[PDB]
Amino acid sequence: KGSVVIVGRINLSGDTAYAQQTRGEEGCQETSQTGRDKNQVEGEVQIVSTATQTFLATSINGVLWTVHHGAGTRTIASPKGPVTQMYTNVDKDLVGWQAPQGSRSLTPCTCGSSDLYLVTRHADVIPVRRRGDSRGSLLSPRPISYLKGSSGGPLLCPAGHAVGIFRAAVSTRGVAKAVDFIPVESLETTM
């Protein structure tokens, strides 16, 4: 298997949630084999890719987190070569690396607000209501197909801080009315 490769980012930039592709497929190939990636990186939310899967990853207090069902145990390519996972937990569906060169990191949420916001791979910011340890309800139902490819992306509080990592969708006949995520407290405990 190859290294995970950053192929873009989801910009909250200044005002607009928009997606920025920074690498093509072809280049994704050679880079996964070497794990050496000089391509420029920015921001908190990365679009990450394997040979078969595209999903997201989020930097929180110096660690780049994503889902195990996306990354597995792979390294992630960097300018100084392939980066080995700092944290792994198959049961939680969680993996972490040292935040990449060029990135910014999110702050853990400390305000306890139930008003959350899920960022998707499509660069949509979707309102969510905290409804338990690892669960939050959507204000608007959406088909799964819409959310697919967004695991590893962040759930944010109204202050912009990180509340969790998107893990799975709670679906009924293919309609998602809630989301399952890894809470930051769970990250802090994994560390």
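Residue indices: 1-based, along the sequence shown.
- Higher average CA B factor: 169-177, of the stretches 5-13 and 169-177.
- Higher mean CA temperature factor between 14-22 and 178-186: 14-22, per the PDB entry.
- When the C-alpha B-factors of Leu155, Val41, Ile126, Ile144 are ranked from the entry, the top spot goes to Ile144.
- Of the candidates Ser49, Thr66, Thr34, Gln46, the deposited coordinates give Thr34 the top C-alpha B factor.
- Remark: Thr75 belongs to the highest third of its chain, ranked by C-alpha B-factor as recorded.
- When the modelled residues of the chain are ordered by C-alpha B-factor, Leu118 sits in the middle third.
- When the CA B factors of the chain's modelled residues are split into thirds, the value for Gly27 lands in the highest one.
- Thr88: CA B factor in the highest third of modelled residues in this chain (values from the PDB entry).
- Annotation for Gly102: CA B-factor lies in the lowest third of the chain's modelled residues.
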